[PDB]
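Undergrad: Below is a structure I'd like to ask you about.
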Amino acid sequence: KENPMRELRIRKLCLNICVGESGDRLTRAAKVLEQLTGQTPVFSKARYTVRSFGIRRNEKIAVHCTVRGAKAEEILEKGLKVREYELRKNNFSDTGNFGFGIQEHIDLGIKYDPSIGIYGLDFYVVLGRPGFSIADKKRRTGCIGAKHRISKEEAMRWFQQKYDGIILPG
Amino acid sequence: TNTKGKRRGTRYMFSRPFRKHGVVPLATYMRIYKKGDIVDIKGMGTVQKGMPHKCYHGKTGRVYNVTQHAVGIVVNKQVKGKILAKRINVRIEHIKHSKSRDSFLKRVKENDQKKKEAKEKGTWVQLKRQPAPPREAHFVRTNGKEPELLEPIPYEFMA
Amino acid sequence: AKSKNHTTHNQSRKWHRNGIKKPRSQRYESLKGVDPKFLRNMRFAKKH
Amino acid sequence: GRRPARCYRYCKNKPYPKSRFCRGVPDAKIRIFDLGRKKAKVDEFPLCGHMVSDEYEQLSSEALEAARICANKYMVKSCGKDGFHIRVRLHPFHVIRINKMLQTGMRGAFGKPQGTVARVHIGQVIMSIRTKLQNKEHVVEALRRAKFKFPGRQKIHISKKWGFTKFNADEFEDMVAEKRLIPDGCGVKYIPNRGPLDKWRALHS
Amino acid sequence: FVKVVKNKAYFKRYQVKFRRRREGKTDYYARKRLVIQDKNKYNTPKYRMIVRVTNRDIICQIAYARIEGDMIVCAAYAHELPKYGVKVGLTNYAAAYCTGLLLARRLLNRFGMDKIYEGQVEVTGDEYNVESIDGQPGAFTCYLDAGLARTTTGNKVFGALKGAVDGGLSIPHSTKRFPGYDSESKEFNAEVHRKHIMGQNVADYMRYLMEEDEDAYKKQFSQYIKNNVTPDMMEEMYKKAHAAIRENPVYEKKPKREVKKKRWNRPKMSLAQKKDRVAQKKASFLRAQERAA
RNA sequence: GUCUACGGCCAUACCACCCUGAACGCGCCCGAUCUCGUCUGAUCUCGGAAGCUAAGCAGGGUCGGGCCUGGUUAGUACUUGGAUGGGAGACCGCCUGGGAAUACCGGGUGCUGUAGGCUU
RNA sequence: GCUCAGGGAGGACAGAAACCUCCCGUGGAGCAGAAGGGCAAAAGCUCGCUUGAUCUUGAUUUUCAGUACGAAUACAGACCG
RNA sequence: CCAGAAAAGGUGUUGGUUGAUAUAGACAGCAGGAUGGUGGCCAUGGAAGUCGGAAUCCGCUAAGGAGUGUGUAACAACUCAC
RNA sequence: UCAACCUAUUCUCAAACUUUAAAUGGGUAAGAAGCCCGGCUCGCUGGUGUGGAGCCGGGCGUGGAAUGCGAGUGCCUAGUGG
Ligand SMILES: [Mg+2]
Ligand SMILES: [Mg+2]
Ligand SMILES: [Mg+2]
Ligand SMILES: [Mg+2]
Ligand SMILES: [Mg+2]
Ligand SMILES: [Mg+2]
Ligand SMILES: [Mg+2]
Ligand SMILES: [Mg+2]
Ligand SMILES: [Mg+2]
Ligand SMILES: [Mg+2]
Ligand SMILES: [Mg+2]
Ligand SMILES: [Mg+2]
């Protein structure tokens, strides 16, 4: 049998574009994300200063955005039609989430524009389960037990079942 | 010479005990102190408002003044050859009832109770505590078997 | 020309020969340092 | 170089170790503490002799290494090169100080770190040698001729423990056959009746 | 590998927080500032009005703290509202107002101060504050306890606050958090607060979902259709409930049924059983190893 | 028997994994118009009740780790006072009183207050 | 309202180290400095508003002779946040 | 207190602990043997038991080490364990 | 394999380390200024003659551990501060 609240589902999908420098690159790396999502992304600041990468303390070097629900599933299937519905064994986290990255944004729907330029992007899929709100609600917070958490092979079978994805060994 | 700081040498004196760090429990707060309560002083490191000075940690005094958060108290502090009954303002965390008084209080009520009793009887009870007397005579029953013989054990350098 | 700096040697003998006299036990202790809006109340309760 | 060891002999000062506050301590010249065939099992060196101090004094880190070399050099002659195991069981930690004169005088007197010393309580094992039970007088003579490197007074005691363990010799093979303690090298591991039951199964399997 | 972080030394050095902090139910930093009495008040109680909003209920109860555990003096739950004629919609703002009102009027009934300090009979949603009448027993004051609720504008904890205030409690408050305080312009629309109290946020949404898609309307408001309440029944139902509460606020206790003494869980086994368990486990493992080998 | 709301003492209550949870609850859960707040109704806020013990939570289990309480170690270590005691010293023995702590071996695994339900 | 130091598993360029995400995490961080104490729905970090860093008389603590100054602790009367 | 000594030793002498061997005749002491493979292998200019490294057996035996020491260039000669 | 790393083990330590933790020691208490009733007052606090505090009036002596001993209180003051 099956109990329908341990049915496995996504709970968020997180995008970022880490351009590594501020200004006209980064402020258009946000404009491509709002073309993807239909919502304004958020600029992440640099935590430390490493002169080898060319960044300083509190520099806006990356732009990220989280999506939920049907819009998240839409962006996920667009990226998986880019990545040929094929991922790897090592792409999956130990805790059950997974993710990958796309090398240019013009493939998953975005028309090429010369003022925008070109940008690569990252996905990361946070698989949930109905019940994972216990970890972050305010009043009576708790951990989410041992049966209920997602292994890695449950994520592998979820991806091989939901989208008929090809997991290659590597 | 030594420094004359307010908190010199109290790294173990106002330190919290082991695994009793953190939030102050609230029954310390919810205990009312009236005038004339014999009361102990024990400073706490988690709060710093109203610290009694390190010469009062472990002293017992008498409440004379009660304010919103703190308590005035007359404690006896010894200055080189004399002993001053000096009054200090201590916030409510650093202070705790003396149980040296309530045993006397229950003994007063107990012996006034048994003085009201046995007054209509004419029975003269004893009310002064006498010290622990010498033990009276008593037969030790060597019931059956004999006392076991003990001998000094021979020395072996086990180290 | 150095000197002995600090000592508490004969001090305990000097204290006890007059004795460390405990403070004067006396009923009706004073009312200095009492909460002044409590002592306003006390003085109106006395004057009426 | 160094002043005579009758100066720095009695445990006069507080234990003043090499730490964050006392810096620049020169290294104690004993640095090998146990040697012989130290890579051995517990089953093949049962017998053990202890040099036990009988004075509360300080043994210098140089005298420790002198006595170690003197007790090693006898048993490489006697028991062969892999028939014993010396373990010196006093690591020196107390650094001792030196007020050297060049004319200031006694004013401003606190010594620089000179050397390291080992404070030894009454009845404490300084050195201990384990070997076969047939090499008993070799342990006795080796510890005897290593006594003369230390000051003070030492006795020689052959213990009832199986080697460098805290378990008695008449009970060691009994408890091994009962599988209550298992060998892991120089020593053993004691198994209580307290673990989870799969650890019981794994040793009885 | 990596060091085990939840080591035996970790559990030796580890200090727990308080039990209610571990369960999450209590904010002690707010609790100490709420509940402690000034020491010159000398065992005078300090009443607080605890509001806890649940998924299917609202707990409103008035409590003061003693040492062995804080006494509840009066309670009023949202599942007492079908007695007063609110069949359904028990977790919303109007039910929070009703149970605040019920808590207030029931406490006044306990203390014998019903006919004095009757408060707002006609609900308006203004600044209301109970002035204490001289020569009469003084008005009951207590302090609002929200626990862990994020106290933003329009909260049902402040709905229960307005319920107790209009019932006749002198709780200190201000109309920044009531629904209708416009944030950007800093005034307070008492008519908007009144229609939130009477439930036109729900009734207007009910008339909204009746328009475009009625199976979504039945998916949203199921037992509203089963209990025959409509947006034109809505406001009159809450006014009749307010009148019923302010008429008879006393509370009966349900008579206790005599227990069957049935043990619904599994009791704690003794040391003899759990030593015998591992004795026969070791016997079973040895007798299963000796034949399989 | 047990739960909820608020607690007291704050591990005999913690942590890991497994088993079972009748009824009422507590939850997970469904939504975003209104109150409110975010990149995102995930959190917070608001409106509900299609589904469900999967998780939270509760009860229990582990020759469980921890913790708590005892035994041993131990009248040992240390120690108040004393000797025209010993010992070249270091230090040690004795007289009079007090008296610890590991390792090792057992036992225990939340008690309880106010208010309200459920087991009709 | 948040949770830190660190670590494990992941994710285009990206690496030992830039950013995103999950999990462990009794403090191993941070609180201007020296050290010590103290602190986790805070005393830390981030936001909103601010001037209790204000006017004023007494008492008390600390060093102490039971004197000052400095510093601090309870109150009380105003004006405020 | 306090006015002078230690590590280390002694077959001086007195106690004390522990382990051996001894009428199947020991400890001394005086006498008789102390052999063969074999001058065992490596090595060394020469090492025959005797400067060196590992082995260390057998036979005949009442008993004798591939040797305890003195010797020799190496033996021889003497001595000891037994 | 050599190592670092990780897991149980192990030898030795601390004045400026510490879970435990003595002996000696430091406060306070061992009644009449204390208890037990009744009634006032208060501009303080107050759901409530609630709370607290101060007043009046009344009743309680087996003087509430051992031992020992007269105690309190105020002026002036030398010398001393190697
Ligand atoms: Mg002088
Ligand atoms: Mg010389
Ligand atoms: Mg010294
Ligand atoms: Mg708060
Ligand atoms: Mg939702
Ligand atoms: Mg469940
Ligand atoms: Mg379950
Ligand atoms: Mg256990
Ligand atoms: Mg209960
Ligand atoms: Mg039935
Ligand atoms: Mg805060
Ligand atoms: Mg600050």
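Chain labels follow the order of the structure tokens: the first chain is A, the next B, and so on; residue numbering restarts at 1 in every chain, and ligands are counted from 1 in their shown order.
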What do you get as a list in words if you pick all residues at most 12 Å from ligand 8, counting only C-alpha atoms (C1' of nucleotides) and all ligand atoms?

TA: residues 194, 195 and 196 of chain D; 8 of chain E; 12, 15, 62, 63, 64, 65, 66, 67, 68, 107, 108 and 109 of chain F

Undergrad: Please identify all protein, DNA and RNA residues within 9 Å of ligand 4, counting only C-alpha atoms (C1' of nucleotides) and all ligand atoms, and report them as a list in words.

TA: residues 27, 29, 30, 31, 146, 147, 148, 149 and 150 of chain E; 41 of chain G

Undergrad: Store the residues picked out above in a file with N, CA, C and O atoms (P, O5', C5', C4', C3', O3' and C1' of nucleotides), as a PDB file, in the first residue's frame.

TA:
```pdb
ATOM      1  N   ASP E  27       7.907  31.251  25.141  1.00  0.00           N
ATOM      2  CA  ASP E  27       8.981  32.223  24.979  1.00  0.00           C
ATOM      3  C   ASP E  27       9.260  32.790  26.362  1.00  0.00           C
ATOM      4  O   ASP E  27       8.511  33.635  26.848  1.00  0.00           O
ATOM      5  N   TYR E  29      11.705  34.717  27.412  1.00  0.00           N
ATOM      6  CA  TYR E  29      12.129  36.110  27.421  1.00  0.00           C
ATOM      7  C   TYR E  29      10.929  37.042  27.438  1.00  0.00           C
ATOM      8  O   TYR E  29      10.924  38.040  28.156  1.00  0.00           O
ATOM      9  N   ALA E  30       9.894  36.719  26.677  1.00  0.00           N
ATOM     10  CA  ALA E  30       8.656  37.473  26.785  1.00  0.00           C
ATOM     11  C   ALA E  30       7.885  37.132  28.047  1.00  0.00           C
ATOM     12  O   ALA E  30       7.196  38.001  28.587  1.00  0.00           O
ATOM     13  N   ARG E  31       8.006  35.894  28.530  1.00  0.00           N
ATOM     14  CA  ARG E  31       7.196  35.426  29.648  1.00  0.00           C
ATOM     15  C   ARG E  31       7.585  36.119  30.937  1.00  0.00           C
ATOM     16  O   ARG E  31       6.716  36.496  31.730  1.00  0.00           O
ATOM     17  N   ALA E 146       0.257  37.018  23.939  1.00  0.00           N
ATOM     18  CA  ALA E 146       0.197  36.516  22.582  1.00  0.00           C
ATOM     19  C   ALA E 146       1.067  35.293  22.366  1.00  0.00           C
ATOM     20  O   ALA E 146       0.952  34.652  21.318  1.00  0.00           O
ATOM     21  N   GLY E 147       1.927  34.963  23.324  1.00  0.00           N
ATOM     22  CA  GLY E 147       2.820  33.833  23.188  1.00  0.00           C
ATOM     23  C   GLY E 147       3.855  34.019  22.106  1.00  0.00           C
ATOM     24  O   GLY E 147       4.786  34.816  22.243  1.00  0.00           O
ATOM     25  N   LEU E 148       3.686  33.287  21.011  1.00  0.00           N
ATOM     26  CA  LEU E 148       4.620  33.316  19.897  1.00  0.00           C
ATOM     27  C   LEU E 148       3.984  33.829  18.622  1.00  0.00           C
ATOM     28  O   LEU E 148       4.558  33.646  17.545  1.00  0.00           O
ATOM     29  N   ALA E 149       2.814  34.441  18.709  1.00  0.00           N
ATOM     30  CA  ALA E 149       2.173  34.971  17.521  1.00  0.00           C
ATOM     31  C   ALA E 149       2.905  36.219  17.061  1.00  0.00           C
ATOM     32  O   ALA E 149       3.253  37.079  17.873  1.00  0.00           O
ATOM     33  N   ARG E 150       3.172  36.301  15.765  1.00  0.00           N
ATOM     34  CA  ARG E 150       3.720  37.523  15.198  1.00  0.00           C
ATOM     35  C   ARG E 150       2.631  38.578  15.205  1.00  0.00           C
ATOM     36  O   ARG E 150       1.666  38.491  14.444  1.00  0.00           O
TER      37      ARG E 150
ATOM     38  P     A G  41      16.541  30.996  22.663  1.00  0.00           P
ATOM     39  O5'   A G  41      15.991  32.353  22.041  1.00  0.00           O
ATOM     40  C5'   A G  41      16.340  32.747  20.726  1.00  0.00           C
ATOM     41  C4'   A G  41      15.140  33.235  19.961  1.00  0.00           C
ATOM     42  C3'   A G  41      14.284  34.271  20.668  1.00  0.00           C
ATOM     43  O3'   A G  41      14.766  35.586  20.468  1.00  0.00           O
ATOM     44  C1'   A G  41      12.914  32.559  19.764  1.00  0.00           C
TER      45        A G  41
END
```

Undergrad: Output as an MDAnalysis selection string all residues of stretch 27-129 of chain D that backbone DSSP marks as strand (DSSP E or B).

TA: chainID D and resid 34:36 47:53 57:60 84:88 94:98 112:120 125:129

Undergrad: Keeping C-alpha atoms for every residue in the selection just given, could you write it to a file as an mmCIF file, in the first residue's frame?

TA:
```cif
data_model
loop_
_atom_site.group_PDB
_atom_site.id
_atom_site.type_symbol
_atom_site.label_atom_id
_atom_site.label_comp_id
_atom_site.auth_asym_id
_atom_site.auth_seq_id
_atom_site.Cartn_x
_atom_site.Cartn_y
_atom_site.Cartn_z
ATOM 1 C CA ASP D 34 59.225 3.416 24.511
ATOM 2 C CA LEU D 35 61.236 1.088 22.324
ATOM 3 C CA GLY D 36 62.343 -2.478 21.905
ATOM 4 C CA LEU D 47 56.580 -10.650 32.283
ATOM 5 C CA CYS D 48 57.039 -7.064 33.413
ATOM 6 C CA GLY D 49 59.426 -5.309 35.777
ATOM 7 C CA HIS D 50 58.979 -1.785 37.129
ATOM 8 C CA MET D 51 61.598 0.599 38.435
ATOM 9 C CA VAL D 52 59.605 2.231 41.228
ATOM 10 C CA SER D 53 60.804 5.431 42.857
ATOM 11 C CA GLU D 57 61.961 14.187 44.007
ATOM 12 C CA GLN D 58 62.530 15.477 40.492
ATOM 13 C CA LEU D 59 64.201 13.338 37.842
ATOM 14 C CA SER D 60 65.780 15.320 35.045
ATOM 15 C CA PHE D 84 61.814 -6.858 25.213
ATOM 16 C CA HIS D 85 59.889 -3.596 25.400
ATOM 17 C CA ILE D 86 61.077 -0.640 27.478
ATOM 18 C CA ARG D 87 58.444 1.982 28.230
ATOM 19 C CA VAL D 88 59.612 5.006 30.189
ATOM 20 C CA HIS D 94 57.990 20.798 34.721
ATOM 21 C CA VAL D 95 60.299 23.420 33.204
ATOM 22 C CA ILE D 96 62.967 24.677 35.620
ATOM 23 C CA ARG D 97 64.452 28.128 35.727
ATOM 24 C CA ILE D 98 67.866 29.791 35.879
ATOM 25 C CA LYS D 112 64.790 31.780 31.867
ATOM 26 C CA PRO D 113 63.728 28.246 30.907
ATOM 27 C CA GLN D 114 66.748 25.946 31.266
ATOM 28 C CA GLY D 115 65.432 22.408 31.144
ATOM 29 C CA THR D 116 62.529 20.109 31.784
ATOM 30 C CA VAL D 117 62.124 17.814 34.771
ATOM 31 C CA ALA D 118 59.726 15.118 35.952
ATOM 32 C CA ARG D 119 58.167 15.338 39.402
ATOM 33 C CA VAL D 120 57.902 11.853 40.849
ATOM 34 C CA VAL D 125 56.695 3.468 38.134
ATOM 35 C CA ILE D 126 59.531 5.274 36.360
ATOM 36 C CA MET D 127 60.479 2.669 33.778
ATOM 37 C CA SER D 128 58.899 -0.638 32.921
ATOM 38 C CA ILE D 129 60.174 -3.497 30.782
#
```

Undergrad: To one decimal in Å, tell me the separation between atom CA of residue D:176 and atom CA of residue D:80.

TA: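 Taking atom CA of residue D:176 and atom CA of residue D:80, their separation equals 28.3 Å.
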
Undergrad: Please report, as CSV, each residue of chain A lying at most 12 Å from ligand 7, together with the nearest pair of atoms and the separation in Å rounded to one decimal; use only C-alpha atoms and all ligand atoms, and order rows by chain and ascending residue number.

TA:
```
residue,atom,partner,partner_atom_place_in_ligand_line,distance
A:3,CA,ligand 7,1 (Mg),11.4
A:144,CA,ligand 7,1 (Mg),11.9
A:145,CA,ligand 7,1 (Mg),9.8
A:146,CA,ligand 7,1 (Mg),10.8
A:147,CA,ligand 7,1 (Mg),9.1
A:148,CA,ligand 7,1 (Mg),10.0
```

Undergrad: Can you pull out every residue within 9 Å of residue F:119, counting only C-alpha atoms (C1' of nucleotides), but drop anything in the same chain fewer than 6 positions away, and send it as an MDAnalysis selection string?

TA: (chainID E and resid 257 259:262 264) or (chainID F and resid 1:2 22:24)

Undergrad: Quick check, in Å to one decimal: how far apart do atom CA of residue D:134 and atom CA of residue D:38 lie?

TA: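 Here the two named atoms are 18.5 Å from each other.
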
Undergrad: For ligand 2, return the neighbouring residues as an MDAnalysis selection string (distance at most 12 Å; only C-alpha atoms (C1' of nucleotides) and all ligand atoms).

TA: chainID D and resid 1:7

Undergrad: Could you please select, counting only C-alpha atoms (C1' of nucleotides), the residues of chain D within 12 Å of chain F and state them as a VMD selection string?

TA: chain D and resid 6 9 to 12 54 to 58 120 to 122 151 to 153 166 to 167 190 to 201

Undergrad: When you get a sec, could you note down which chain C residues fall within 6 Å of chain B, using only C-alpha atoms, as an NGL selection string?

TA: :C and (15 or 20 or 22 or 34)

Undergrad: Would you put the residues from that selection into a file with N, CA, C and O atoms, as a compact mmCIF listing (two decimals), in the first residue's frame?

TA:
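What follows is the written file again.txt:
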```txt
# COMPACT_ATOMS: atom_id res chain seq x y z
N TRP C 15 42.88 43.23 67.74
CA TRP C 15 41.43 43.35 67.62
C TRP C 15 40.74 42.75 68.83
O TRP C 15 39.87 43.37 69.45
N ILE C 20 36.08 41.90 69.20
CA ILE C 20 35.33 42.32 68.03
C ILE C 20 33.88 42.43 68.49
O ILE C 20 33.15 41.44 68.51
N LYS C 22 30.11 42.99 68.41
CA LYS C 22 29.03 42.97 67.44
C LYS C 22 28.21 44.25 67.54
O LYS C 22 28.21 44.91 68.59
N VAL C 34 14.66 53.95 52.90
CA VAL C 34 13.43 53.25 52.58
C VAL C 34 12.80 53.97 51.40
O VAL C 34 13.02 55.17 51.21
```

Undergrad: Could you build a table of the residues in chain H lying no more than 12 Å from chain D, giving for each the nearest pair of atoms and their separation in Å rounded to one decimal place, using only C-alpha atoms (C1' of nucleotides), ordered by chain and ascending residue number, as CSV?

TA:
```
residue,atom,partner,partner_atom,distance
H:6,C1',D:152,CA,10.1
H:7,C1',D:151,CA,7.9
H:8,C1',D:148,CA,9.4
```

Undergrad: Given a cut-off of 9 Å, what residues near ligand 5 show up using only C-alpha atoms (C1' of nucleotides) and all ligand atoms, put as a ChimeraX atom specification?

TA: /F:29-31,41-42
